[PDB]
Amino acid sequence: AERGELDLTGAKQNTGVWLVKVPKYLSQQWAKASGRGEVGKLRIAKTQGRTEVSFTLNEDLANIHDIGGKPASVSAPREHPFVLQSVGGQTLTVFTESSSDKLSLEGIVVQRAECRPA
């Protein structure tokens, strides 16, 4: 591991990651997390030739509001559906640059998606 070298373990280990487009208000809500830093759950439900992916905030973040206080029922945490997209026509890899200047290939993007507002 010398200066200027790119650590390759990740890529050749074929470690996979997801690349997701997230609405600004949702990522802003994620910033309000505390403790362990949990924000919610990612759900993947498969039926016959059909897959539904979504993200739902946890109880803590579902109850922190902006100037408004939410309206009707205050029901249950809202499901944010994912719109799955293709990655086949391109090779996307992730590389990190640490505070110590170390560069490393962490993994390959195996799935792309866009998280839609609820």
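Don't overthink the numbering: it's just position in the shown sequence, from 1.
Undergrad: Per the PDB record, is the mean Cα temperature factor higher over 85-93 or over 57-65?
TA: That would be 85-93.
Undergrad: If you average the Cα B factors in the entry, which is higher, 27-35 or 44-52?
TA: Between 27-35 and 44-52, it is 44-52 that shows the higher mean C-alpha B-factor.
Undergrad: Among the chain's modelled residues, which third holds the C-alpha B-factor of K12?
TA: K12: CA B-factor falls in the highest third of its chain.
Undergrad: Ranking every modelled residue in this chain by its Cα temperature factor as given in the entry, which third contains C115?
TA: Ranked within chain, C115 CA B lands in the lowest tercile.
Undergrad: In terms of the CA temperature factor given in the entry, to which third of its chain does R78 belong: lowest, middle or highest?
TA: Middle third by C-alpha B-factor.
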